[PDB]
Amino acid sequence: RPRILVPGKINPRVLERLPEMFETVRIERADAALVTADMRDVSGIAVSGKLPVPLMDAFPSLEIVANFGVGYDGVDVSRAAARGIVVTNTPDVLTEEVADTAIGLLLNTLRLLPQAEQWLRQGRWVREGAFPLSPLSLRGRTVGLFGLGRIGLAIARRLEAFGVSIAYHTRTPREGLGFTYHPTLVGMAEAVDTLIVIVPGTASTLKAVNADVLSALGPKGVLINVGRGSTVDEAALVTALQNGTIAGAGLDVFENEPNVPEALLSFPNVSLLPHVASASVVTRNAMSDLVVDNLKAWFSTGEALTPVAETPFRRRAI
């Protein structure tokens, strides 16, 4: 039985299923200092969140890192690729759930539904009367998708049924789609009033949503981020909201989670979520299964189910 390390917290469903084929080794945090000599025969890792390189490099027989999540920016994939270590993620099983969350965050940002519920709950409806009318609406809006992969496309499909115009920006266009392609992010922003960020947390997208992009978005502009916090210049966003450069924002992700800058918490036109895009029991169970099934497919057939693009590897064993 190959020995699989699980560092820090993970969904119990992963832990429950590992014993189908593996021996599990647990450490309470993703920290190289917790590794003992008895753990040097570890062949795989299952992890949610950050995998620091020194921890990854504590294991000479490491073959595979199974990442819990579609995003795998916590794993140093360049260093894993250099060591011949396959990295897997969890795409597809969460696509529709993340897309639903995106829509719910957008509607909450535009229509202030969470604030309206607080108004009611605080007893305000009875004595101060109706919750104020939301200055914004989805009606008449034009939505620009920054990124348009499996999730971006699922969001667009939902948006078509709400009667809004859809545009998108990607490095290279997609043939056979009726949505307006924009070759630049800034160009798309000028054209639209609602910008939904749904790209990976890469070097290429770092602070891509910046002062200029927000300024082009305009004074009715709404920013929704369900991608990675690093993609938005958090300082420029705060300034833009302060100045009324844009009208509102809804954020599921932040530069340095779980910390959210105090200035963002003060705005009445902002909706904030603690990275809940895939966070339902059913979808996290499917994600858990895919982490485990990837490990099982690797060790039993030598082919992972959902290796990442940087590591299209096949298992070599003596």
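All residue numbers are counted from 1 along the displayed sequence. Definition used throughout: the rigid core is the maximal C-alpha set that superposes within 1.5 Å between two forms.
Comparing 257-265 with 57-65 by root mean square Cα distance to the shown form in 5 other deposited structures of this protein, with the rigid core used for the fit, gives 57-65 as the more displaced stretch. After a core fit, the C-alpha atoms in 5 other deposited structures of this protein lie farther on average from the shown form in one of 213-221 and 75-83, namely 75-83.
In the comparison with other entries of the same protein, residue 172 is given coordinates in all of those covering both sides of it, so it never reaches the one-third threshold. In the record comparison, residue 202 is unmodelled in at least a third of the other entries of this protein that model the residues flanking it. Higher mean CA temperature factor, per the PDB entry, when comparing 103-111 with 179-187: 179-187.
When the C-alpha B-factors of 134-142 and 230-238 are averaged, 230-238 comes out higher. Ranking 263, 251, 45, 276 by Cα temperature factor from the entry places 263 first. In the deposited coordinates, the residue among 95, 90, 215, 118 with the greatest CA B-factor is 215.
Split the chain's modelled residues into thirds by C-alpha temperature factor. Residue 30 is in the highest one. When the modelled residues of the chain are ordered by their C-alpha B factor, residue 49 lands in the middle third.
Among all modelled residues in this chain, the alpha-carbon of residue 290 has a temperature factor (C-alpha) in the lowest third. Among the modelled residues of its chain, residue 256 has a C-alpha B-factor that falls in the highest third according to the deposited record. Placement of the Cα temperature factor of residue 64 within the chain: lowest third of the modelled residues, per the deposited record.
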